[PDB]
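Asks:
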């Protein structure tokens, strides 16, 4: 027989961006202890982060607002291609080198985070501190640079849309590696210095790399729900059971959350039946999608966070990170008497990024009247905190045992 | 070396039945709310249920009583073949159509149940309500029709054994599809109508289908314990431990029960270490097998319900449903002025069912004296309720998220 | 890029032992009830246990003390080859038979344990009771026989090192099979006698077996941590999270302990997040390795006991047992009037054992300074009791449902 | 047990002028004239050149350790430098220390302010102190050091180290 009527819609979003990186110096910065954050030393790089894990990177505000009209939308794949151009920089015989880090965020023993620095006036290439800009605010400023303001905004003329002009956007969130600050540490100290992150990045002479793919990555999403599924017809209005238990075997079909403690004060634990809420139907909590976290604030893939009422397998996921930059060009001289450079040339990287996102949605017609209804096996759950604030996976924190953590969303 | 002595016994039970179906009209019936059961609309079909999931369908009271003498009996396979004959029915040029539903019980969005109707006196093919006969009572009446009464029964002459005569049995439990009754519903209503169940059944012209397999299904049981295993020699009489913990890995070897709520008032949960009791040995609770639930009241397969003390994998199971019937023949005429038929011809379906059940049992001789004893790794558990009432899987309830539910047995 | 610097070190330990077994008679002995231990009948064999599951069997005190200087040492494989020589024994035409039991400890329905007997003065081959020597003390005496005392020991001259001399060691821990003692049992009794353990052992005429491998076994360890890994740099000194939860899927990555009850008073249960402690790092509890349990008191493999903070799969493990011996030579005569022998000849088995153990360790250099540090994904946990006493798997207890149990270690 | 230690360094040399400097007599050292070169010494004969403090501290746990072999590969890049048509030349000395009649030593100079490429004297830095400063440049300080931020580890950053001990 013909069976169920389902309409499948595939959509593709392509963007082309041009980014300028700073080629900062590798300078150790002190960051003071603040609450749970310990005192630590921070070593800066010039390798700017490419926010390819977020939805604004691929699709504009118009495309996002239209996609919000297609329930059941899943991001199926993403792809990013990064090429490099001539590196803008007294001398004429400079040496310039291009640095690429792929998946350095996943490395368990390299504590790293993308940060924005403040720079010296005398040495514009030397970071002297940290700007208060968070990673979300960096992505938001980048989105406003990409797509402009609304026509009624009094600040409209300040940021012409790069999606219209094709102009370059200064890419100002660079990799930073952390180590202990044992100056005030009591008891036994860990004095291991820095990890040799040089051994985990690729470095080329970009003279021969011009207009060639320095980065080429493809990613298939395990579970990236962009719009919640159509709500099923609730069986509690039709059946007496609607609350029945059925025998699970030795298979797990309710996901669990694993909590680890690198302080080793507590052993790792795994807790099943975490607090979570439906994202469609009678008692839906669509706060995540109404606040539009997935567009700019949260990565596309949320594999371990969302759950369906089904026997499918769920597993933890993380997208690899991309950092592209240029090694700082030293200005070192004998009269400086230093073994390491204290002055640098104003180099600048020019990167061209082609990004493609493929998504797919379904319209199921389960009942004769009303509208689209899915099977109740397609009902989706999402982790929630005990304060009602949804939980999402984040990529802008240091990895915990090589894994990306899940935390409460912020926006009210 | 020769190892352990085990005797394997394979047995086969074959039955041939002849069934008459009614070919009822498709009439919407109202069923009032009663406790947990909401108000709902019921659409009837003429497709009678074939109880091939139950043990009486394959083996007679004598065979069942003898099988109860073979501990460790598992049903290994079942098979059903359904052929059709001439369809008995002023006019001479009628159109008759044969309807087959395979596995419509498993479909998540079709809320369906096999029900017995009461019919109009003027229109014998038009259901007008629901009989109080439950599915268990329907199967019990069918069993009494198949195998007769006991020779001392005062009602002996009323039901000649169809297993002896070869005569036809009126098969009177037909598929029914439920939808919301939002007439008294407060708040937002679901007005989706009925599912298009026409799109999920096969329909043929049975003129060319005569004496050909309209249905042919085979099923292999994952775990269908018909008689409990031989009790092992209890190691608490021989060893000091008898209560030792040993390290399970990341594998689950204790089954869990999953509870879902289509009302969405509660997220799905999975609970491990459900209340359960041994079915042989020192503290055995053989209430299930002493009350003989598996013969007539409970399906053959109980895959997720029973558990052994072993590392084997357990998974949830369900046998597909079979409904065979004939589309109602309308008696519609211009003077009726109706667009849909309100009068029908007394058609009748004639189906011949050949059913084969293969089972197997083992006699292990673990010790020299006494009798048969199995290895303690063959000890079996069964889910029980907190009131001592065993839990079994049932097929005569609407599916919950496409799964058959487990409930307490009824018989005291 | 070059990546992480890790040095891999493979080491091999070979020993050659010569063992003399007694060829005891098969005599039923009574063992009285004592606390949790019930009254039971014990049937003795002459098949001495080969302690190939323990580390002293393969590596000397010097090798053990040196290995303790290689963090991250895992035993990768073990291998044992057992050959037989002429069997020393009025008459000249004796019949001698060689008995081999492989994996009889794993058989669920044979309750067996290796025990030391006391023998009759008139019949040296007839056991008359049980010596108070436990299995640990047997292994300790065997180790002292193998490797001698310390040079300052006043008992130094009593035990010349067999590792130096090549001399034979009397191997005095023989297999014993237990059954019920229902003499004082109230209620229903289990009168099954003994299991036919004859059907589970190999027996040869060792006349043609001389200088040929009677046993040849290889074992690959799933998880046998001999020395704990290098502690990672703790991320709680560098990161704010250090306690973050991340979404496990439907996969289990925290191990669970399964408790069974052959008394059937309680159903089997599985408990996740058992009490356990880190064995390196900030809050390490290295009591197991400081007391040196793995050398002599505990088997090499502890697969289900130790756990890493990772997604790797853990599963329960057990090494097969080896018992080699000689059937007792009867001295039966007509004047005895007995149907079974009550006098025996002083036979003796001569076995030559070649044992090889391969292990491997890693030195990771994660940070620039300090020393070796591993990735925090290599951090190891071990089950602990609520009294702080570590939990290890033991092989010198009867199997519970065919599985080796885990218990608290003893040494303070 | 065989072990291997690999390092990758980037060095900047000064290209000093060939200037005769006077060094006064001091004790056993006679009065002598010193002619400078721009050829910086590569300290490939020392263990810090190949293995980090962590590797050294771990190796101290392996009695009987002998260094079996060493190998060094030196490549050159673009030479940074009014005019546009300069002539630049690369100088390599292999085993000039072994030559009996060439009295040579690797020294650190002090340079003129007006002519940064012209040595004007000798710095008090000895060869051991030069190697120690080079090691601190390569591997950083300890995390408790108050001077930690002054010298980022070149083994981590991959940055260039000014190589300032010339023939």
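Protein chains in written order, with the deposited numbering: chain A, 171 to 259, 271 to 593; chain B, 171 to 259, 271 to 593; chain C, 171 to 259, 271 to 593; chain D, 179 to 259, 271 to 356.
Don't be surprised by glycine CBs; every beta carbon is placed ideally from N, CA and C.
Threshold first: 4 residues or longer. Then list the alpha helix (DSSP H) segments lying entirely within the segment 423-511 of chain C, N to C.
Replies: If we require 4 residues or more, the alpha helix (DSSP H) runs fully inside the segment 423-511 of chain C come out as 468-471, 474-477.
Asks: Could you say which of C:521, C:194, C:409 lies nearest to residue 301 of chain C if we only look at CA atoms?
Replies: Position 120 of the third chain, counted from the first residue, corresponds to residue 301 of chain C. Of C:521, C:194, C:409, the residue nearest in Cα terms is C:194.
Asks: To the nearest angstrom, how far is it from the Cα of residue 435 of chain C to the Cα of residue 426 of chain B?
Replies: Taking the first residue of the third chain as position 1, residue 435 of chain C is located at position 254. Taking the first residue of the second chain as position 1, residue 426 of chain B is located at position 245. Taking the straight line joining both Cα atoms gives about 17 Å.
Asks: Could you confirm whether any beta carbon from chain C is found closer than 8 Å to the beta carbon of residue 251 of chain B?
Replies: As a working note, residue 251 of chain B is residue 81 in the second chain. No - not a single Cβ of chain C is within 8 Å of the one on residue 251 of chain B.
Asks: In the DSSP assignment, find the unbroken alpha helix (DSSP H) run with residue 212 of chain A in it and report its ends.
Replies: Numbered from its first residue, the first chain carries residue 212 of chain A at position 42. Counting along the chain, residue 212 of chain A falls outside any alpha helix (DSSP H), though it belongs to the beta strand (DSSP E) covering 210-219.
Asks: Note down, in chain order, each residue of its chain lying with its Cβ closer than 7 Å to the Cβ of residue 563 of chain B, except the 5 sequence neighbours on either side.
Replies: Locating residue 563 of chain B in the second chain gives position 382, where the first residue counts as 1. The answer, listed in chain order, is 457, 458, 460, 469, 486, 487, 571.
Asks: Is it true that the CB of residue 443 of chain A sits closer than 8 Å to the CB of residue 567 of chain C?
Replies: The residue given as residue 567 of chain C occupies position 386 in the third chain. The residue given as residue 443 of chain A occupies position 262 in the first chain. Contact flag unset, no.
Asks: Would you say residue 452 of chain B and residue 437 of chain B are within 8 Å of each other, going by their C-beta atoms?
Replies: Here the question's residue 452 of chain B lines up with position 271 in the second chain. Here the question's residue 437 of chain B lines up with position 256 in the second chain. A contact, by the Cβ cut-off of 8 Å.
Asks: When the distance is taken between beta carbons, is residue 404 of chain C closer than 8 Å to residue 248 of chain C?
Replies: Within the third chain, residue 248 of chain C is the residue found at index 78, counting from 1. Within the third chain, residue 404 of chain C is the residue found at index 223, counting from 1. No; because the gap between Cβ atoms is not below 8 Å, this pair is not in contact.
Asks: Would you mind sorting residue 320 of chain C into buried or exposed? The rule is 16 or more other CB atoms within 10 Å of its CB.
Replies: Counting from 1 along the third chain, the entry for residue 320 of chain C is found at position 139. Answer is buried; the Cβ neighbour count reaches 16.
Asks: Give a yes or no on whether the C-beta atoms belonging to residue 189 of chain D and residue 349 of chain D are separated by under 8 Å.
Replies: Here the question's residue 189 of chain D lines up with position 11 in the fourth chain. Here the question's residue 349 of chain D lines up with position 160 in the fourth chain. Yes, the pair counts as a contact, with Cβ atoms nearer than the cut-off.
Asks: For a cutoff of 8 Å on Cβ pairs, would you count residue 423 of chain C as touching chain A?
Replies: The residue you call residue 423 of chain C lines up with position 242 of the third chain. By this cut-off, residue 423 of chain C is an interface position.
Asks: Which residues in the same chain as residue 365 of chain A place their Cβ atom closer than 7 Å to its Cβ, once the five residues preceding and following it in sequence are excluded?
Replies: Here residue 365 of chain A corresponds to residue number 184 of the first chain, with the count starting at 1. Same-chain partners within the cutoff: 209.
Asks: Helix, strand or coil for residue 339 of chain A? Go by DSSP, reduced to three states.
Replies: Start at 1 with the first residue of the first chain, and residue 339 of chain A comes out as number 158. Note: residue 339 of chain A maps to helix in three-state DSSP.
Asks: When DSSP labels each residue in this structure, what does residue 184 of chain C get in the three-state scheme?
Replies: One-based indexing of the third chain puts residue 184 of chain C at position 14. The DSSP-derived three-state label of residue 184 of chain C is strand.
Asks: Below 7 Å between beta carbons is the criterion; list the residues of the segment 480-514 of chain B that meet it against any residue of chain A, in chain order.
Replies: Correct list: 485, 486, 494, 495, 496, 497.
Asks: Looking at the C-beta of residue 320 of chain A, does it have a partner C-beta in chain D at a distance below 8 Å?
Replies: Here the question's residue 320 of chain A lines up with position 139 in the first chain. Residue 320 of chain A does not count as touching chain D.
Asks: Please decide whether residue 258 of chain D counts as near chain A, where near means a Cβ-Cβ distance under 8 Å.
Replies: Residue 258 of chain D sits at position 80 when you count from the first residue of the fourth chain. Chain A, which has a Cβ nearer than 8 Å to the Cβ of residue 258 of chain D, makes this yes.
Asks: Any residues in the segment 420-453 of chain C with a beta carbon nearer than 8 Å to a beta carbon of chain A? Which ones, in chain order?
Replies: 420, 421, 422, 423, 424, 425, 426, 427, 428, 429, 430, 431, 432, 433, 434, 435, 453
Asks: Under a CB-based cut-off of 8 Å, is residue 179 of chain D close to chain C?
Replies: Position 1 of the fourth chain, counted from the start, is the residue given in the question as residue 179 of chain D. Among the residues facing chain C, residue 179 of chain D is included, as its CB has a counterpart in that chain under 8 Å away.
Asks: Against chain C, does residue 360 of chain A count as a neighbour if the rule is that its beta carbon must be under 8 Å from one of theirs?
Replies: Within the first chain, numbered from 1, the residue matching residue 360 of chain A stands at position 179. Residue-level contact by beta carbon holds for residue 360 of chain A and chain C, with a gap shorter than 8 Å.
Asks: Consult DSSP for residue 172 of chain A and reduce its assignment to one of helix, strand or coil.
Replies: Within the first chain, residue 172 of chain A is the residue found at index 2, counting from 1. If DSSP states are grouped into helix, strand and coil, residue 172 of chain A belongs with coil.
Asks: Leaving out five residues on either side along the sequence, give the residues of the same chain with a beta carbon under 6 Å from the beta carbon of residue 221 of chain D.
Replies: The residue labelled residue 221 of chain D in the question sits at position 43 within the fourth chain. If we look at residue 221 of chain D and ignore the five residues flanking it on each side, its Cβ neighbours are 227, 320.
Asks: Mind pulling the chain C residues with CB within less than 8 Å of residue 342 of chain D?
Replies: For the purposes of this step, residue 342 of chain D is taken as the residue at position 153 of the fourth chain. What residue 342 of chain D touches in chain C: 549.
Asks: Chain F partners of residue 575 of chain A, CB-CB under 7 Å?
Replies: Absent from the structure: chain F. Protein chains present are A, B, C and D.
Asks: Can you name the start and end residues of the alpha helix (DSSP H) that residue 323 of chain B belongs to?
Replies: The count along the second chain starts at 1 and reaches residue 323 of chain B at position 142. Per DSSP, residue 323 of chain B belongs to the alpha helix (DSSP H) from 316-328.
Asks: Any chance the segment 197-215 of chain C sits against the segment 352-366 of chain C, with 3 or more Cβ pairs inside 8 Å?
Replies: yes
Asks: According to DSSP, is residue 253 of chain B part of a helix, a strand, or is it coil?
Replies: In the second chain, the residue the question calls residue 253 of chain B occupies position 83. The answer is strand: DSSP assigns residue 253 of chain B an E or B state.
Asks: Looking at the C-beta of residue 202 of chain B, does it have a partner C-beta in chain A at a distance below 8 Å?
Replies: Sequence index remark: in the second chain, residue 202 of chain B carries index 32 (1-based). It does not; no Cβ of chain A falls within 8 Å.
Asks: Got a sec: is the Cβ-Cβ distance from residue 395 of chain A to anything in chain D below 8 Å?
Replies: Counting from one through the first chain, the residue named residue 395 of chain A turns up at place 214. It does not: the Cβ of residue 395 of chain A has no partner Cβ on chain D nearer than 8 Å.
Asks: So what does residue 269 of chain C bridge to, in DSSP terms?
Replies: Coordinates for residue 269 of chain C are absent; the numbering of chain C skips from 259 straight to 271.
Asks: Closer than 7 Å, Cβ to any Cβ of chain B: which residues of the segment 402-417 of chain A, in chain order?
Replies: 413, 414, 415, 416, 417
Asks: Using beta carbons (cut-off 8 Å, strictly below), is residue 217 of chain B in contact with chain A?
Replies: As a position in the second chain, residue 217 of chain B is number 47, starting the count at 1. False, the Cβ-Cβ gap to chain A never drops below 8 Å.
Asks: Helix or strand or just coil, what does DSSP make of residue 550 of chain C?
Replies: As a position in the third chain, residue 550 of chain C is number 369, starting the count at 1. Of the three classes helix, strand and coil, the one that applies to residue 550 of chain C here is coil, per DSSP.
Asks: Below 7 Å on C-beta distance, what does residue 349 of chain D contact in chain A?
Replies: Position 160 of the fourth chain holds residue 349 of chain D. By Cβ distance, chain A contributes 511, 522.
Asks: Closest to residue 271 of chain D by C-alpha separation, out of A:187, A:524, A:295, A:273, would be which residue?
Replies: Residue numbering aside, residue 271 of chain D sits at position 82 when the fourth chain is read from its first letter. For the residues A:187, A:524, A:295, A:273, the minimum Cα distance to residue 271 of chain D belongs to A:273.
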